[PDB]
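Just below is one structure, and these are the notes that go with it.
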Amino acid sequence: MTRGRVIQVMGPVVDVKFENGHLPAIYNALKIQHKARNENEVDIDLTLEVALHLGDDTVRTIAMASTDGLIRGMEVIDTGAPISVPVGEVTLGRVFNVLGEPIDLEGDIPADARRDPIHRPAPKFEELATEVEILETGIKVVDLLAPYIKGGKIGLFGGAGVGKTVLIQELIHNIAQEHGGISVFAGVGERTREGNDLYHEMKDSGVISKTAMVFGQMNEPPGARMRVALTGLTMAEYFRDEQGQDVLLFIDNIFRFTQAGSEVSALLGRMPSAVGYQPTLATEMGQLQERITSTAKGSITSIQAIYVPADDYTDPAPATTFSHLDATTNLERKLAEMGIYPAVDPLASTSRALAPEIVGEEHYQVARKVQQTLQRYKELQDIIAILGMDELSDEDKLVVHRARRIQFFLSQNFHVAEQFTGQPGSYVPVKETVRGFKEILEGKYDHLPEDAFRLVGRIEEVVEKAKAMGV
Amino acid sequence: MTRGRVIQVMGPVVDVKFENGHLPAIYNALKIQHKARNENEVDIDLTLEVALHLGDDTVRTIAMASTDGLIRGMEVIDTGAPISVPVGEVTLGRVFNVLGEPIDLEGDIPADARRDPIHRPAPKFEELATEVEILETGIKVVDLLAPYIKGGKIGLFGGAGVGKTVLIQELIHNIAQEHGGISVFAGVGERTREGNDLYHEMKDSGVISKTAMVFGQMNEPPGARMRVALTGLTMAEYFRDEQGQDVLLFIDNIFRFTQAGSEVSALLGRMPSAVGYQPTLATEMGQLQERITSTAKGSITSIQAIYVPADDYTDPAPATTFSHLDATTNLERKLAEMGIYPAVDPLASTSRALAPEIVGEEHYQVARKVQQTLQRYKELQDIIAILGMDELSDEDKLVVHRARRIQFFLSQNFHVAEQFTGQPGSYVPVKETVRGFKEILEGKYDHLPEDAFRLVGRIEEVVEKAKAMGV
Amino acid sequence: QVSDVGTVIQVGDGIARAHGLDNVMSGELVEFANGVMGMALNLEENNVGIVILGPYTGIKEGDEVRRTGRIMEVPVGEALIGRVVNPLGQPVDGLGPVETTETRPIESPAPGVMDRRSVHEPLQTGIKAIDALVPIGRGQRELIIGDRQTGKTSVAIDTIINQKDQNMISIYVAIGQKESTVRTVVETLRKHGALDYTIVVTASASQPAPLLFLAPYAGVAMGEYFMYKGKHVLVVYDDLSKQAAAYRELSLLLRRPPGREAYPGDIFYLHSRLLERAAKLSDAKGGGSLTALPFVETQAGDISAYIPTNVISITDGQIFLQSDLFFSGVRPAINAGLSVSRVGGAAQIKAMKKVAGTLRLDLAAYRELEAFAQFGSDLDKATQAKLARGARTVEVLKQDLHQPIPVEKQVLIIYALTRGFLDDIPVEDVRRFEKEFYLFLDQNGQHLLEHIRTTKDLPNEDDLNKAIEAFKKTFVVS
Ligand SMILES: Nc1ncnc2c1ncn2[C@@H]1O[C@H](COP(=O)(O)OP(=O)(O)OP(=O)(O)O)[C@@H](O)[C@H]1O
Ligand SMILES: Nc1ncnc2c1ncn2[C@@H]1O[C@H](COP(=O)(O)OP(=O)(O)OP(=O)(O)O)[C@@H](O)[C@H]1O
Ligand SMILES: Nc1ncnc2c1ncn2[C@@H]1O[C@H](COP(=O)(O)OP(=O)(O)OP(=O)(O)O)[C@@H](O)[C@H]1O
Ligand SMILES: [Mg+2]
Ligand SMILES: [Mg+2]
Ligand SMILES: [Mg+2]
């Protein structure tokens, strides 16, 4: 018979022994349901996922919840299939956990509903689509220096408290409410307060009727933090494949998945990698990221916020995830501390759509000129650091004069940021952004003070606030 | 007669079990000569070297070639002696591998030829010779600041791409053509392209009839790379001991011996050392280097190229190698980036021969003055790069003026550097270079442009090259 | 039908342990009950360590492992031209099976010392800076090293496209990339017509570590088949760092003790073995050649790192791409001071050798002198001329994406620059000067182009000077 027994319990890792010739395959889901026989036991309802075959009819699993109360010899049932979560029209407007069980207090889902396995292979080479199309966001720096791509993968790197969540919320406000297709939000190891705030925001804004949310936050154990992203991904994949619709996929923090994997790896019996990470860091991330892609049936555009530990961009987890992205924006603590509030690094951020045949010749030229002036200012910053601006030549002084104003004009006031500073946000068309930056490069506004370029939208507001102040 | 069987194969390390009381001694050679019984096997002709005794009649060995094709249970033959290579006039004009088998397609060595064991103890304290004599190389910087010693040990340090191979080739061109004795080249762990080029150059120049070459290169397994140096060493030792000849020993890269030794320590079962090297680093390096010495029966002068990983001179391999040398030449890529070749560091280079009673009082004083001027110049760069030359005193301005010219005149054009410079090479005697540096120190040519000193040879060619620029 | 069989003990993360297989061979292919292939790496006293070359989900403990009797082999032949294939040789483009009747071992000895010939014929990449400063010859292996988004892939794509008329087979190996990126590269090659002579081998990120580890060896094995028939092959390894990381993962999974940065001991031997198989064969061996362009990605421009140091110590030269140069406007961002070619000169046309024998050292000295004299007043007229010449050369070396230039035009523009005919042209106008100079040669200087294309030396300087003066008279400075 297909019933196991608990052998070892080591935190989130549980070993189960089965009968000979009846071992469950890898990624199968196991169930433990125990009733307390006496006052020295507790009730248990726990699910496990098969990870390795240890030999001697023993299987090593990862738990999806707390393992407190487990006793050696408990009976374990094998479901014969991986974790399956409901998919379809039923999941719209609902909130789910890692196991696909609703948590919004609106009732259960009928047991006859269609549900798909969590684990599946990635789409083949011949099914992919490689069209490049500009996606307008209304943010000046993103629209100018690193345009986003419709149907592509976008990553937002940054440290703690730099603005990743605010940028996610601004993008949701600007794009999701008008996208028209299905939107999926999959938080991974983030604040439950933030999840509740986003849920109430969507419910009040009415976009909740066409979105599905899955949540595995920081309170949860590493197995749930590892599999919540896959649950959200398969929910999005159903809409991409069976209906051919455009899907927005938001992942709140994809670094937490690799962090939970590294937490689990040590107990599984693997030798540590360079910085203590799991040796399988690259393959585990790759087999997740390759499923998030656009195909011939439909397109999925995904915006992922990526956490950078200890502000070290050379850390293996941030380092290996660059190759999976079409456009990236790098947030910097130095730029946020000077008040530049979108904090996007104008030289580190790159996009594949910044090509003359995609964005236009004048767009490309303006972007290249801005990048060149910013690079020259970065080079000069060492000399200004020690001996100031007095010894700079007349050319370098003009370069600094233009670069400071360009850097300040790269700032913008966001609609979401209205709660922090009482000012209302702005939405800037890309044509207006190009015209404003070309005018600044041409030297039209050299006489304006540099503090008049901060937190404004169109170039006319710079003149308006310079007139408001002394001029 | 006794035989063993293969019980375990782990990459380049093979374990063999013998009968009781018939174990092979350490450093003995073993042979595997399997013939394919059917179509599921391949023919094998492989040589192993005994490294450890593991107990239970089991011996751990290091393979001299690829271990692909090995099957557990293959019969192994013990030869009862270490690796033996032919010695004598037979080796002159021939090219050998690590096993002493010719690879020049010129025919096989007769089986009755004398063969000597690879491993032997080092010469004793009584029989060593310590007389010092200057070896003229025709290179200005070497002849001025760090003269080479006849019968001594010379090491060339440098990173990747700094000019070690070109310097070796130039030294060969200058010395081996007029040496009159025997010369041996050991191609340890370098490019087969470089080996072929050197072989063809020597064949065309005619030195090939007076030299023996042994090659173990990058494509070879670690055992060949860590025993080819000993093969060349014993070939040179035969001439030093039996015939009393003067021997030039050239080693392509002695760091590859250390690297190959470290590649297999973990498989041999030894705990790692500081930077991942084997624990026996210093012991093995000393046991190899101490055999390369001049004695009362004959003298060997050896020039070795030593690789410095990542330009870090504090790396354990160069740090341990430094103590084994009499004269030392340091190559820094800071001079290479600036277009100065051979890019010898004028300060870090040292030699036991730079003494007033060895080289002469005038030479000693001019070399010391050059070193003092360059040391003074090195300190001024840090303040120059910030405050400019205008703030320097009249003394320091003259110091910089003469030091730049001295550093530029330290360059030279090599005969082998035609492929890279177009212009031919030159040969500068020690008296001429001392005179030229004395004139430059006195300041005769302060009015000459600094560019006129680049890769020029003598000061006569400097003043003639100045005419081409109208000065 | 009978075969030696074993039983599976452990399964997980792409690594399997097997009991039995007493007559298994080191490096032999093995197959599982469900058809997935494997490779035997560790032959221990009582068990065998097998690396699974495919999806290991369907493999369970107790399953049987079956010997194949073959060393690791890959299909070879002309049927692979124009196809994208797995590292095992199976097509992934969906255009049908490949009809290969021959196979080669994936681990084979490199050509020996006596089997090679010195590199003596040029490989034209179509990029002015590479062709002038860092020449590449047939049989040479040149490293392309730099940070991310610096043009490393663009250089390789342009080099592959430039081989359209020159008789050479191209092989592009992609390790650890997105399949969408690979498809974009294939679409670019199909657009530019390079797919008629190009084989592309892909090993994406979702594939198991052994496929990434074996992809470069499969590519070089496919290249050797053409090399030993007298053909000339170009092989591109788009990332060796990801292959090294995959090998580290495999070694750690196989319980092999780690070294520096958890890398195994033979991480240098891996790349040395891979790269020593590219060579220029002698006339007795057929005269064929195989040239390789390995890629290394640095972190924040750090060159002292383990893998970059190891790869630099192996290849014949390196090309440096820097982000600060990239954003300053000079593209390709080749650092002339750091880039070097050990076969330079011998791998150049005679005219190019005449016109640019010193240009790399000239640019290195100019870069040294620009840093000095920045604080000062550029007083000396000699220093004031060196800086002027350096600026002209730097602005001349710039080039646009997918804009190849023939070597006959490259030598002409380098001659015009280096002979002093650009000394009276402002820096801001020399690019348009070159653009118009090419049309002027196309319209009136056909004989010079034909002479350079037929006899590899320069024409008589009198006619060339007269043509340059005529173009200068026609040209107007803006
Ligand atoms: N556009 C903005 N305008 C004003 N303040 C901002 C803006 N973006 C971010 N901030 C400030 O930065 C703080 C942190 O932002 P946010 O929560 O988005 O950071 P994060 O990168 O998600 O950090 P964590 O790692 O804590 O989740 C905000 O509370 C706010 O004070
Ligand atoms: N004296 C010189 N004159 C001209 N060019 C030189 C000179 N020395 C070195 N170079 C240039 O620098 C390169 C250095 O290559 P070389 O083979 O000498 O390096 P190495 O320091 O021995 O390194 P490795 O053996 O680790 O690859 C040469 O190929 C050549 O381009
Ligand atoms: N000569 C050039 N002129 C203009 N743009 C260029 C040039 N070379 C490359 N680019 C652009 O630079 C960007 C980066 O190039 P590419 O993707 O080939 O670099 P990479 O180093 O291979 O990057 P990755 O790290 O993403 O693999 C691309 O948008 C490409 O179009
Ligand atoms: Mg956040
Ligand atoms: Mg060398
Ligand atoms: Mg690339």
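Can you give the helix-only mean residue ellipticity at 222 nm for chain B, where every DSSP H stretch with n ≥ 4 adds -39500 (n - 2.57) and the sum goes over all residues, rounded to the nearest 500 deg cm²/dmol?
Result for chain B: -10000 deg cm²/dmol, rounded to the nearest 500.
List the residue from chain B whose beta-carbon is nearest to the axis that rotates chain B onto chain A, together with that distance in whole Å.
With distances in whole Å, chain B gives B:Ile386, 4.
For the stretch B:295-451, what does the relative contact order come out to in percent, with C-alpha contacts under 8 Å and a separation of six or more? Before the final figure, lay out each step's value.
On the way: 111 pairs, mean separation 25.5, N = 157.
Once divided by the residue count of the stretch B:295-451, the mean separation gives 16 percent.
Express in whole angstrom the spacing between the alpha-carbon centres of the stretch C:167-185 and the stretch B:351-379.
57
Give the relative contact order (percent, whole number) for the stretch A:361-468; include only Cα pairs under 8 Å separated by 6+ residues. Let's see the in-between values first.
On the way: 90 pairs, mean separation 30.3, N = 108.
Normalised by residue count, the contact order of the stretch A:361-468 is 28 percent.
Contact order normalised by length for the stretch A:325-404, with contacts defined as Cα pairs under 8 Å and 6 or more residues apart; what percent is it? Mind showing how you got there, number by number?
Details: 54 pairs, mean separation 17.3, N = 80.
Relative CO of the stretch A:325-404 lands at 22 percent.
Residue separation times 0.36 nm, minus the C-alpha to C-alpha distance between C:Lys229 and C:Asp165: what's the value?
Contour length minus Cα-Cα distance gives 21.1 nm.
Principal axis lengths of the stretch B:3-85 from Cα atoms, whole Å, largest first?
Projected onto the principal axes, the Cα atoms of the stretch B:3-85 cover 36, 31, 21 Å.
Less than 19 Å apart at the alpha-carbon level, and either on another chain or at least 8 residues along: which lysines does that give for B:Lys297?
Answer for B:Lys297, where 19 Å is the Cα cut-off: B:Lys124, B:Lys150, B:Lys153, listed by chain and number.
With a ≥ b ≥ c the root eigenvalues of the C-alpha gyration tensor of the protein assembly as shown, is it rounded (a/c under 1.5), prolate (a/b larger than b/c) or oblate?
Here the protein assembly as shown falls in the oblate category.
Sorted from largest down, what three extents in whole angstroms do the Cα atoms of the stretch C:245-360 have along their principal axes?
57, 49, 16
Averaged over peptide A:275-282, how many Cβ atoms belonging to another chain are found within 10 Å of each residue's Cβ? Spell out each step's value before the answer.
Numbers: counts 2, 1, 1, 3, 11, 8, 2, 9.
Mean shielding count: 5.
Specify, per residue and in Å³, the volume enclosed by the convex hull of the alpha carbon atoms belonging to the stretch A:349-465. Kindly include the intermediate steps, with their values, before the conclusion.
Details: hull volume 15.7 nm³, N = 117.
Dividing the Cα hull volume of the stretch A:349-465 by its residues yields 134 Å³.
So how far apart, in nm, are the two label points at C:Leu379 and B:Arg270 if each is 7 Å from Cα heading toward Cβ?
Roughly 6.1 nm, to one decimal.
Can you tell me the order of B:154-162, A:396-404 when each peptide is scored by its average per-residue count of other Cβ atoms within 10 angstrom, highest first?
Working: B:154-162: 23.8, A:396-404: 17.1.
Ranked from most to least packed, the peptides come out as B:154-162, A:396-404.
Have a look at the DSSP beta bridges in the protein assembly as shown and tell me what percent are antiparallel, nearest 5.
Working: 112 of 197 bridges.
Counting DSSP beta bridges with both partners in the protein assembly as shown, the antiparallel share is about 55 percent.
First measure r as the distance between the Cβ atoms of A:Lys124 and A:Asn38, then evaluate 1/(1 + (r/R0)^6) with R0 = 35 Å and state the FRET efficiency to the nearest 0.05.
Values: r = 55 Å, r/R0 = 1.58.
It comes out at approximately 0.05.
Need one value for C:174-182: mean number of C-beta atoms belonging to other chains within 10 Å of its residues' C-beta atoms.
For this peptide, the per-residue mean of nearby foreign Cβ atoms is 6.
Would you mind listing how long chain A runs along its three principal axes, going by Cα atoms, in whole Å with the largest first?
85, 49, 47
Between B:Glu106 and B:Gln419, 0.36 nm times their residue separation minus their Cα-Cα distance comes to what?
Going from the current span to full extension adds 109.6 nm.
Restricting to Cα atoms and excluding each atom paired with itself, what does the Kirkwood estimate give for chain C in Å?
About 24.6 Å for chain C.
Under the rule a/c < 1.5 gives rounded, and otherwise a/b versus b/c splits prolate from oblate, where does the stretch B:265-380 land using the Cα gyration tensor?
Oblate, since a/c reaches 1.5 and b/c is not below a/b.
Given label points at 7 Å from Cα along Cα→Cβ, what nm distances, shortest first, separate B:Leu54 from the same residue in every other copy?
Distances to the matching label points in the other copies: 2.7 nm.
Quick one: if you stick a label point 7 Å off each Cα along the C-beta vector at C:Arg255 and C:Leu401, how many nm between them?
Result for the modelled spin labels: 5.0 nm.
Please give the helix C:430-444 orientation as an angle from the longest Cα principal axis of chain C, in degrees from 0 to 90, rounded to the nearest 10.
80
Send over the Kirkwood Rh of the stretch A:424-471, from the inverse of the averaged 1/r over different Cα pairs, rounded to one decimal Å.
11.2
Quick check: the angle from helix B:430-442's long axis to the longest principal axis of chain B, C-alpha only, nearest 10 degrees?
40
Please check which bits of the stretch A:424-443 a label hung off A:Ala468 would reach, taking the label as a point 7 Å along Cα-to-C-beta and the cut-off as backbone N under 11 Å.
Residues A:424 qualify, since their backbone N sits under 11 Å from the label point.
Work out, in µm²/s and without decimals, the Stokes-Einstein translational diffusion coefficient of the stretch C:167-309 at 20 °C, 1.002 mPa s, Rh from Kirkwood over C-alpha pairs.
132
On a 0 to 90 degree scale, rounded to 10, what angle separates helix A:255-268 from the longest Cα axis of chain A?
40
So how far, in whole Å, is the C-alpha centre of the stretch B:272-304 from the one of the stretch C:1-39?
45
Using a label point 7 Å beyond Cα on the Cα-Cβ vector, give me the inter-copy distances for B:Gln287 in nanometres, one decimal, shortest first.
Computed spacing set for this position: 4.6 nm.
Mind jotting down the distance between the C-alpha centroids of the stretch C:370-405 and the stretch C:48-116, whole Å?
Using only Cα atoms, the two centres lie 51 Å from each other.
State the percent of C-alpha pairs, over all pairs in the stretch B:164-269, separated by a distance greater than 19 angstrom.
46
If I take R0 = 60 Å and measure r between the Cβ atoms of B:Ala81 and C:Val477 in this structure, what FRET efficiency does the formula 1/(1 + (r/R0)^6) give, to the nearest 0.05?
Rounded to the nearest 0.05, the efficiency is 0.15.
How high is the FRET efficiency from B:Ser323 to A:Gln381, r the C-beta distance, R0 45 Å, rounded to 0.05?
Computed FRET efficiency for B:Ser323 and A:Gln381 comes out at 0.50.
Which of the pairs A:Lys31/A:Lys164; A:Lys378/B:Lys164; A:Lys369/C:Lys353; B:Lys203/C:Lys353; B:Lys465/C:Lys473 have their Cα atoms more than 30 Å apart in this structure?
On the way: A:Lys31/A:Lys164 37 Å; A:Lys378/B:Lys164 37 Å; A:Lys369/C:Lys353 35 Å; B:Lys203/C:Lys353 27 Å; B:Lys465/C:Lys473 33 Å.
In this structure, A:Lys31/A:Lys164; A:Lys378/B:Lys164; A:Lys369/C:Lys353; B:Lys465/C:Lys473 lie more than 30 Å apart at Cα.
What is the spin-label model distance, in nm, from C:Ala388 to A:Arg368 if the labels are put 7 Å beyond Cα along the C-beta direction?
About 2.7 nm separates the two model spin labels.
Don't worry about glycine lacking a Cβ; one is built from the backbone with ideal geometry, like all the others, and counts go over all protein chains shown. Rule-based calculations on the coordinates, nothing more; no lab input.
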